[PDB]
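Two forms, one protein chain; structure tokens for each follow separately as structure 1 and structure 2.
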Structure 1
């Protein structure tokens, strides 16, 4: 008996085996093993976890224990000496729009979420961790180096809490610690609809038989919907501006308001569901609410799948695309569709793609107002700039017309994220996402850089010189050695991202392998994959492959000019055409006759 037993975070129910619709939780996708890919289950392990005590303590916890003979460097040190930089000039990606970064975050949020541990509201725990920086239980602080300016200004550490895990929440004790994925592993738009029946239902408009999602009642965007506000106070969104007092939005995913451009994409998707559902009510007047909801939902999930696999993946993986994701051959019930623990770190290549500012453009795509270009850090958990400063059209135009940041070995992550991150649970704009990613690697018990190179069949450098040749960078390799003392101890997030980009792509070999395997598996092991015979009809398929992010914008905003290939860098006005030139989604194939 393999470690097959434990199952408890978990909400349990029965499977209607002939339902043409996915469950909200992901259960029932695989017929022989119904829990596969479901939400609130453990992240899969492609390799055994590596903890300090073999079971649960992260490396770096016990200051005297080493990793292969050496102390592991402080997360914030590595951040300071390797990841930071000062000059934002020359840093933009010349052939990827801001939308390229933004889509990655959306896909990521549909596939994985490992929430921090809670246990204790009205507990000195949240206090003992932030106020005193005392390591202990789920408090695993990021200590500041000596010479770090945050020491003079912020305190002795940045609080950090370990990720939730399967089985409990209490002192669990024997088999290795496994973190939770709170969302469904299938690319199914769970970030729009929710992963729990509890939330899925609350998101819906059930007082009307139209199969629509609830929309904001306090505010409108020139007649277009906004996501509803969240009930819960205190909300970090009203905190960043107690005068405006505008709460975070309520969406299928809890991270929706982390930054204004993410909330903007969530709004576009909410609108498409309603557009689709009312458009479907027109062709099938007899269909009921539930049918409208499920059928629009199914359509929206196919859209996310199509854009991801047809438009997005090919420009991340480049020439490695064909190597890891061969053409679709059909559903394979033997494939594990679960998202792996390491994927959630590999997919973090996106953090190095975020630029320092966000712009709002007017109708001619020229600056909108006098304070049109804003620093990223003022937009974390900011919903007021949307409700009170022009709606989403100005931000959407920036998404289309501005560029992503390009990964650069000398310029990894912007200070907006590296020194000024705002955490929903705390009150300063002073966190470091890079140090957090590093610390989280250790928290999730990740094998080191060389373990993953071997897994992907790549050479494994043992020397500084071996490491120079792989990174193709003498000094980066050297700072890496000085901090880590052996390439075996290099945290995967930084190791993976330090490698040069493959041809036509935006990640290196190690990441291409880790990303590509994962995507191949969630496609091949998804019974509801859009191309799987029987999910949609042939005619429905011919209609779905004409979707494009450009059309989505046209139908759901007041923007009338869009580029044809939204993910590449596009210059206004030459690369911008009229919305009426853009292929629409033909829903006639969804018309039924029941006589």
Structure 2
């Protein structure tokens, strides 16, 4: 007897239904189906979940339970044998700036977050999990395979805690397990403003009727603002350097300080808000704080949607853009906003675009200081390098002048992420993002590689030879078969990323399809999509079609030399122009007048 729906977390909201602005939680976007796309609800399922016991257990959880007749290789084993590489020479992307990779994480953070199980309120089950590699309940450690170097130095496994699921955080069983999406599915700047009420209201500066976002009161960037500091027992950022004592930042999204270039882009967007809110007071001295806040917030979301859809997607996707994301024909309330569960893994193609180093550049876009270039892995949860070493201006230049890493079937994920990842409660710079991606692929009950090739109307290889043909790599196909034994068993993250990139894109056909369908949905299914008639006026959409990431930098930094097209590889000074040459955002259409 099928069910209409599940009822634990949700004190329900009324909906204004006259309302102009999006809610903070995403609720009320779809009038006939309120909760669609709202934070803290189940990630949507495009295909039924596939677990080892049909309900919630991990393929690979029980030694004896095979997937289609074969054991399901250890995540860290797939990582070692396939994902890793030694030589960082030549892996750079000749036609994608480092911003390409960065916007990707930004957009991704705007769309989805599946935390680990809230059941962690003064327990040792985390330390027991950590210490003796005892699998049980939500502790699902990543076991090291034999001959794994980390055995000589780290122990027998790597922490890992299953994702939050719906209708509790403790006991459940009776139907298939569904993981939670803690942020709104809409492209709406929830990473800047937040997805709950605590949080939004508290990022805000309410002492002054100007609708500013609260800023750091304890540090300045040559007169420019920094996000406020955070508040936890264990701040990660402090932990990585106990002498410096610099806290992580407080943003609408939780992960803001995971890495220094992500905190940088966050710092960037928070300035755009206050800049808009300030130019909005100058233009409208009567508008109160909430009106300034909400209309700045409106505009910021529109900027994110445009840079993403106009500049970003066309070059992830390439020749498949026009197959999945056609010209926008208007708000369609029949579409499902919801970020699917598989998309949260598909969008992880970004992990293969992160290079091994990050640079600080000075005004002439030459090395800044004596330790200009830094090992990626020393910048996890690193805020001190920003506050007490130059601000964001040198880092933003590197985002423009340096390049992204290029996905390469023989060099997938840099060791800075594959062996040196820092996670916020554990002590070492010794984790593996690729192994975690795979373990999480199964924690979430993802169907295999062929289930998705089928979903996308693509062939489903059954033999080495077939897979060779699809991967266009004999040796990669070989290692996969040796590891998984049937194309059927290949985890979607790695199978999806094993495919050669499409014409003029950076993902293969399978991911082009998975990503292409989702972005089409979050656009068409948004009542507040910026280009939907009503949302913005006649002259309002005209001023907005002029925004660019180059202008965002120009207005929120003291940089004055930027590329016109920030996402392609840009070389200084030839590919760089002066800020005066770049179109500004004309706020004149926001003018309401009265008597």
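By rigid core we mean the largest C-alpha set that fits within 1.5 Å across both forms. Positions refer to the first chain, counted from 1.
Here the rigid core is superposed between structures 1 and 2, and of 577, 10, 15, 587 the C-alpha of 10 is the only one to shift by 2 Å or more. Relative to the superposed core, residue 367 undergoes a Cα shift smaller than 2 Å between structures 1 and 2. For residue 122, the Cα coordinates differ by 2 angstroms or more between structures 1 and 2 after the core has been superposed. Core superposition places the Cα of residue 534 0.2 Å apart between structures 1 and 2. Taking the core as the fixed frame between structures 1 and 2, we note the C-alpha of residue 233 moving 2.6 angstrom.
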